[PDB]
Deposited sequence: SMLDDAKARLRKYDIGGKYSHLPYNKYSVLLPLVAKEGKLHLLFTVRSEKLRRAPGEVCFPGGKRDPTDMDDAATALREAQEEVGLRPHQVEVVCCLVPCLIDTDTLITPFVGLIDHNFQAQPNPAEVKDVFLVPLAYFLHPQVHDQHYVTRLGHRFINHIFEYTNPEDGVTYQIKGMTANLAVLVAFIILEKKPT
């Protein structure tokens, strides 16, 4: 099946806990995969205009590890629950992708999660202004704007609203699309 085939692809790139004990400032992100209309999509958040860091920009759900978290995957699920109302029984964490090093002292660990078909987002307005889906296949043929920095522009055909996706968020989206969709019969 489409979902079994995705999980089996993703597991080949799992690094597990290999980098999780290093003495960094630690953040986790959830890359949430949603199946709609026969196809896989990624879920993104638009950050609240009131935040200090990157107000109004597109990112994945996630945040800073705290003392209650059993492991880095726990961080990503706690934060997703608080930001968009995703409950733990509504997500299967499939793997841990390569972590991102930033500013010499910070390590961001990405987890890919398969989301329940009946989940419906409840954005927390203090953190999240908007939630939207992008088909995974978009990231193989993106509409690119050069700011030289590559920015993706995605227009949702439901309402005609255009979003900008860039930076680490754009990089991780393309990575997931390659892992799942490369070399497939049609």
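Asker: Relative to the deposited sequence numbered from 1, which residue ranges are unmodelled?
Answerer: Gap vs deposited seq: just 148-157.
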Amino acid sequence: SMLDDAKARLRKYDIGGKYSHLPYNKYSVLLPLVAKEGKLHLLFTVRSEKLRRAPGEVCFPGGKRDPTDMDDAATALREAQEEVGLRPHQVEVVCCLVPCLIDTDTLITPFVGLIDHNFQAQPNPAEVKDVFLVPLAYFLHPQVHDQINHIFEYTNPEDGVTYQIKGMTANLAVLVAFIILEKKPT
From here on, numbers count along this sequence of modelled residues.
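Only the largest set of C-alpha atoms that superpose within 1.5 Å between the two forms is called the rigid core.
Asker: Core fit done; bigger CA RMS in 7 other deposited structures of this protein for 138-146 or for 49-57?
Answerer: The stretch that sits farther from the shown form in 7 other deposited structures of this protein is 49-57.
Asker: Could you check the entry and say whether 87-95 or 71-79 has the higher mean CA B-factor?
Answerer: Per the PDB entry, the higher value belongs to 87-95.
Asker: Between 46-54 and 154-162, point out the one with the higher average CA B-factor as the PDB entry records it.
Answerer: Looking at the record's C-alpha B-factors, the answer is 46-54.
Asker: Lowest, middle or highest third: where is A6 by Cα B-factor in its chain?
Answerer: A6: CA B-factor falls in the middle third of its chain.
Asker: Which third of the chain does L22 land in by C-alpha B-factor: lowest, middle or highest?
Answerer: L22: CA B-factor falls in the middle third of its chain.
Asker: Compare the C-alpha B factor of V144 with those of the other modelled residues in its chain, then answer lowest, middle or highest third.
Answerer: CA B-factor rank for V144: highest third.
Asker: Grab the CA temperature factor for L40 from the record and place it in the lowest, middle or highest third of its chain.
Answerer: According to the entry, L40 has a C-alpha B-factor in the chain's lowest third.
Asker: Taking the C-alpha B-factors as the PDB entry records them, is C59 in the lowest, middle or highest third of its chain?
Answerer: It belongs to the middle third of the chain when residues are ordered by C-alpha B-factor.
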